[PDB]
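Colleague: Please work out how this folds:
(10 chains, ligands or ions: 2)
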Amino acid sequence: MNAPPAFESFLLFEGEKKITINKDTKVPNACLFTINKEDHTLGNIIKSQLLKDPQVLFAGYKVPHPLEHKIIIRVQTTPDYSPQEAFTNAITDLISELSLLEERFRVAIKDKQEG
Amino acid sequence: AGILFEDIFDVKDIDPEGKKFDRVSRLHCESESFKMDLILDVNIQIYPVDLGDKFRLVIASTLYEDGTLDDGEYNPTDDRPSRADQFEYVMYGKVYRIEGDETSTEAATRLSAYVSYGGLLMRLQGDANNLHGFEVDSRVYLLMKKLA
Amino acid sequence: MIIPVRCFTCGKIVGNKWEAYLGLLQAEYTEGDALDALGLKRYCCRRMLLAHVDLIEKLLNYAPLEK
Amino acid sequence: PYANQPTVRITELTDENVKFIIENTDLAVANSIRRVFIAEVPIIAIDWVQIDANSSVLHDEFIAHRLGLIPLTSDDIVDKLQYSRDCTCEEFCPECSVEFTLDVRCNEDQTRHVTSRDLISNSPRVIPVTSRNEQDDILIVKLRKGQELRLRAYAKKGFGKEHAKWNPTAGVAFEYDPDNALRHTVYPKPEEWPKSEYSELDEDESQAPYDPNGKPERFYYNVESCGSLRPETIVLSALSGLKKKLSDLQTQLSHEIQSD
Amino acid sequence: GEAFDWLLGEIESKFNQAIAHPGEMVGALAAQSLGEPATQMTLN
Amino acid sequence: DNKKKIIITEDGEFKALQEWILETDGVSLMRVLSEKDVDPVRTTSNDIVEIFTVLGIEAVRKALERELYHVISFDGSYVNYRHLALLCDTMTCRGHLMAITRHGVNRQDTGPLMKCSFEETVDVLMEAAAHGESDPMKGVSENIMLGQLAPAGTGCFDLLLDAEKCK
Amino acid sequence: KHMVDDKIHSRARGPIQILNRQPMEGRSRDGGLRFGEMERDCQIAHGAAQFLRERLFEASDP
Amino acid sequence: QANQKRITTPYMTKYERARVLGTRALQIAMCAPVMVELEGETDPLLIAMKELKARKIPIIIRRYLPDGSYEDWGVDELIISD
Amino acid sequence: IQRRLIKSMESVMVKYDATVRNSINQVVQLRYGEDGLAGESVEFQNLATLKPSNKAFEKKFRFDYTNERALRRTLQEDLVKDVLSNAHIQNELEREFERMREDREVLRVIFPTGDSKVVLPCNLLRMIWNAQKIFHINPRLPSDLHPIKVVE
Amino acid sequence: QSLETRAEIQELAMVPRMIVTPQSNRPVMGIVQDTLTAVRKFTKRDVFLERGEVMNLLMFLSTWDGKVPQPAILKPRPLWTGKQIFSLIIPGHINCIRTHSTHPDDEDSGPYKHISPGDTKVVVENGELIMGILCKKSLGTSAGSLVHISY
Ligand SMILES: [Zn+2]
Ligand SMILES: [Zn+2]
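Modeller: Numbering: from 1, shown residues only, chains lettered A, B, ... in the order given. Ligands and ions are numbered 1, 2, ... in the order given. I have put the structure below:
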């Protein structure tokens, strides 16, 4: 009667942007990234990778409503740095980490099956 | 300098009333150079303190070695020379009370400055000469280091 | 009415274990040992096999609508 | 400011589960990997049923739901098939779906067990796991003499976010800091608690001494497979899927940055 | 002096804010205020 | 201390004297008050009807406020005093004890339509017909029945357009 | 037995009763919800006279 | 009644604010001229609240007294609290 | 009981002359709650001059303008000189204390039991605390507030 | 169904206007089950939050100025306290004194009146929770609580 289709958690609606960047006016060098059709899976890793950047002053995320299917990630960096650049570097670092983890898991599987 | 008070204290008792909180412990200490009593709440989980220990306590208005006010905002990316480098345990709180033995006509011979470090409470009481730097609703730092 | 396919909790397949479970029980296994023989180690899947009531066997006592 | 250099150590690899350890990674990465095991590792499962005849004692939706939860071998085919969203065909085609047929009739006096072995596929690679060449076959329905079940299913590509039938795991054990050194748990009576299988403590010691400078490292995993994918295929597909989620996010990020 | 003047103004404004508004249905309000607690107090 | 004798000492402090008090199972306030060594100033009763018959309408107003307060607060609760005061003024503003019933509420000059809303709809309207009573439509019930704006809250005033200010 | 789908109900200008031209009673009749005496008293206490008139005159049986 | 001496409160009651705002919002919704400037407001309620804050609502409140007389107050003459 | 109470009081309302009246226009209360105040804004407070003794009341509320050094501790130099020298100010303060003593007796006849808990509009101690924190009042330094300014 | 009734409800019957009841001149709604057990546990003296946890919680403050407060503990490791974050939650510059339900009755007489061993005796000053464990007495529906003083 009121059950949303299960794909609405993963699929973007037509004309809906995957990610939107909005300047935070309260403090300088801060941005809000509203990412649609993602959840804690990417939010937590992006936040925790951003916390590894010493040029990042704030890194947090929230799912504003569990029934809704977006996350907001707030990133504040030092003045010489940018929150968009920080977010990009965090994603790049996560991708490199996962590539290395995948190659090493392939090697470990090969060793385990062989000996 | 920005230092409101400095002395060496000796832990004379820990939790006289019993352990109230697991990770927090109340120390009742007394110094030797000024004869000031101290009640202090410390996170013993990260900075354990044993009975009979001896430490240097420095109540400061600022962490920067040069006279320079603080903004009360957390700036981890700060490369200035901070006096927290010379200490082990550092807290940041505010003075919320200054008692004394004053009368309606006489001034105070002994004062009692109360500070709250985000709920961890301290009372530094002794001669009023050593507590002129304390003013209510004023932010201070703890700057505490253990010595042998 | 019939043995579920997956464990409700983890999603382990239990649908192929009801008949084997009954065969082990008539083989004079205890219910715990039978559940151990089938590899149900989490108490959720043990719940699935141990609390199941095969009502379909009673629904098959009625003749169907068409011969 | 840069990536981790995680290492891996697989401590057990069977056809049923994989037990491994990831070291030198963040807890968020470890838990996102754990979540992707459950919710973003695609597999093939029946997601369309057409009942041509059902004289059984279970109604049509019961049979359909029951067929959807049968695991189908998805190892090499799931990467090749497309989502029906992405397929440029009609409702179905062999590029985005797999056809199953089931046609059973109880003529004999004993009860006929319509099991997953009766799910006949057009694709030899995508078959019911129990039907793969021990464990018995999953029971779809019991039929009495004169009862009959004839249906035509189509299996699709999906993951556990959409429905648990596309979840390839039969349990994902995840653990870290087996000895409570980070004190992320606080046992009122630490002596009362059993020791983890990964614990390294003498029996007199209940939990490790508190580590103030510690961070969660060394996450232990036991990924049990429902049957569709091999456990190591679940882990590899999880890592690839998480990496493609991040890559797509970075692509859209670049478009948003350059459009500003 | 500044604190006392501010205090006087604050007292005046808050007092004028506490004055009942013409049009308040104080009778219905009082009936509700006396009947709502009646639903919790004991019958026996 | 609510039943002790609270005096003011010569030094100016409140002092609670611990004194004997009697609690009866019946009421003759009229007689008990006029007895030697009985305090005719603090001796009271919980039977509000006798308080009205012996002391009067303002005495029963105060006593009724006290008894309602005792009923409300016995379970530790608290109600703003203006609500008790308004209820007690409603029951005593007409010089007699007006029960909150049809026998007290439908016996005042509230208008037949307000009364029919409460109880005895047919009897009230029939009495008003026999006596040609006129409802002035002053209460909220009468306006609510006729679908008119009740003179309550947002309806207790009128709005007029300001021609000189629309410029 | 109490599932929400058997309880959820809404109305906006549906059928009305014959005797008094007011909304019907019940989900099954596509009826309206009763704005009872206690609701009238609550809104009198609120002082909301136009809302009270909307509920008891304009949304029921003008 | 002498307009030179109005005995009622100089404050706008909560009910007066409610009804004045509703009335003016309906008037705006029915294409009445707006007395204040507008950045992008299209909701009549927001425009009416802006007019009330600006003290530019062209309405007179006729407060009736129990004796039967009345007092006319301009919305700009009353003290708006909330 | 609830319905009966409602039907008995439903049309009682605060009128624009601030009287509480019923539908008949009869007067139920000349001011709502005897004080013409709404019940949302009032709150619990304490009457400070009700319970104390005569000695304590004198010691806490009688402005002592004879102790030069105590005034020197409480007030600034010009205020101390004006308070000690001027007699008009001293008479003003004396009448202030007499008025508070009369108020004390009025409270004593209003509250024959020594219960200082009262429900009043403005929480004066909280407002004083707010003023202390808004203007950063130092409780240890002498004040620049003239007691005559307080009285006036 | 009209702008007039909508304005009426928006200016008279909206829930924030309904926080304090005229029945008993106190709040009618307060903090309730999980939030009350949790705020009691949160404002205990030994609640220390790490930088990532603090940022996670600050994501859920609507009325946050975007400035991370200086942690109560700077060394050996930066740690914020639960009172330090509730101070950010507390609005304006309200001032409030309460007492936790477990406050011993003989503590306000002896020493340690203003430095409570049990972290009872709630004290909020200038909108900062200077001390004390918050509970029903501080966030519930009673008179003089933080929610009442905030209103
Ligand atoms: Zn299971
Ligand atoms: Zn296709």
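Colleague: How much space separates residue B:24 from chain D?
Modeller: Taking C-beta to the nearest C-beta, to the nearest Å as the measure, residue B:24 falls 14 Å from chain D. Quick note: C-beta positions are derived from backbone N, CA and C, even for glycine.
Colleague: and that residue, how many neighbours does it have?
Modeller: Neighbour count for residue B:24, taken as other C-beta atoms under 10 Å in any protein chain shown: 23.
Colleague: contacting residues around it?
Modeller: B:41-44, B:120, J:45-46 (C-beta atoms under 8 Å, 6 or more residues apart in numbering or on different chains).
Colleague: Then residue F:145?
Modeller: With C-beta under 8 Å, 6+ apart, residue F:145 has these contacts: F:113, F:117.
Colleague: Likewise for residue B:88?
Modeller: Residue B:88 neighbours (C-beta under 8 Å, 6+ apart): B:47, B:144-146, J:75-76.
Colleague: Tell me the spacing between it and residue B:56.
Modeller: Distance of residue B:88 to residue B:56, computed by C-beta to C-beta, to the nearest Å: 10 Å.
Colleague: Likewise for residue D:62?
Modeller: To residue B:56, residue D:62 is 76 Å away according to C-beta to C-beta.
Colleague: now residue D:205
Modeller: Per C-beta to C-beta, residue D:205 is found 35 Å from residue B:56.
Colleague: Overlap in contacts, residue B:88 and residue B:56.
Modeller: Listed as contacting both residue B:88 and residue B:56 by C-beta under 8 Å, 6+ apart are B:144-145.
Colleague: show me where the stretch 101-250 of chain D has strands.
Modeller: D:112-115, D:120-121, D:139-143, D:148-158, D:169-176, D:219-225 (DSSP state E, counting those that start in this stretch).
Colleague: between the ones you listed, which gets nearest to chain A?
Modeller: The stretch from the strands of the stretch 101-250 of chain D with the least distance to chain A (C-beta to the nearest C-beta) is strand D:148-158; that distance is 8.5 Å.
Colleague: Of residue D:205 and residue B:56, which one has the most company?
Modeller: Neighbours were tallied for residue D:205 and for residue B:56 using other C-beta under 10 Å; the higher tally belongs to residue B:56 (17 against 14).
Colleague: Could you report the neighbour count for the residue of chain I found nearest ligand 2?
Modeller: In chain I, no residue comes nearer to ligand 2 than residue I:40, which is 65.5 Å away by C-beta to the ion. Neighbours of residue I:40 under the rule other C-beta under 10 Å: 20.
Colleague: give the contact list for it.
Modeller: So residue I:40 contacts J:20-22, J:25 (C-beta under 8 Å, 6+ apart).
Colleague: Next, find the distance separating the residue in chain F positioned nearest to chain B from residue I:49.
Modeller: Residue nearest to chain B within chain F (C-beta to the nearest C-beta): residue F:12, separated by 21.7 Å. For residue F:12, the distance to residue I:49 equals 10 Å [C-beta to C-beta].
Colleague: So for those two, which residues contact both of them?
Modeller: residue I:57.
Colleague: What values do phi and psi take at whichever residue of chain B sits closest to chain D?
Modeller: Residue of chain B nearest chain D, by C-beta to the nearest C-beta: residue B:46 (4.7 Å). Per-residue torsions, residue B:46: phi -90, psi -20 (degrees, to the nearest 10).
Colleague: Help me confirm that it comes into contact with residue J:50.
Modeller: No: counting by C-beta atoms under 8 Å, residue B:46 does not reach residue J:50; the two are 11.1 Å apart.
Colleague: If you count surrounding residues, which of the two has more?
Modeller: A side-by-side neighbour count of residue B:46 and residue J:50, using other C-beta under 10 Å, places residue B:46 first with 17 against 13.
Colleague: so what's the closest residue to residue F:91 other than its chain neighbours up against?
Modeller: Closest residue to residue F:91 apart from its sequence neighbours, by C-beta to C-beta, 6 or more residues apart in numbering or on different chains: residue F:98 at 5.0 Å. The contact partners of residue F:98, taken as C-beta under 8 Å, 6+ apart, are F:90-92, F:104-105, F:107-108.
Colleague: same question, residue I:31
Modeller: Residue I:31 touches I:18-20, counting by C-beta under 8 Å, 6+ apart.
Colleague: Among the residues you listed, which one lies nearest to residue D:44?
Modeller: For those, the residue nearest residue D:44 by C-beta to C-beta is residue I:20; the value is 76.8 Å.
Colleague: so how far is residue J:55 from the closest residue to chain B within chain J?
Modeller: Per C-beta to the nearest C-beta, residue J:72 is where chain J lies closest to chain B, at 2.7 Å. According to C-beta to C-beta, residue J:72 and residue J:55 sit 16 Å apart.
Colleague: quick one: residue H:44 and residue H:28 touch, right?
Modeller: Yes: contact between residue H:44 and residue H:28 holds when scored by C-beta under 8 Å: they sit 4.1 Å apart.
Colleague: returning to that earlier point: out of the contacts of residue I:40, give me the one that has the most neighbours.
Modeller: Ranked by neighbour count (other C-beta under 10 Å), these have residue J:22 at the top, with 23 neighbours.
Colleague: Leaving aside the residues adjacent along the chain, what's closest to it?
Modeller: Excluding the flanking residues, the one nearest residue J:22 by C-beta to C-beta, 6+ apart is residue I:39, at 3.5 Å.
Colleague: Please apply the same query to residue D:20.
Modeller: The shortest distance from residue D:20 to any non-neighbouring residue, by C-beta to C-beta, 6+ apart, is to residue D:10 (4.3 Å).
Colleague: looking at this, residue C:35 is in a helix?
Modeller: Yes: counting by DSSP: H, G, I helix; E, B strand; the rest coil, one finds residue C:35 located in a helix.
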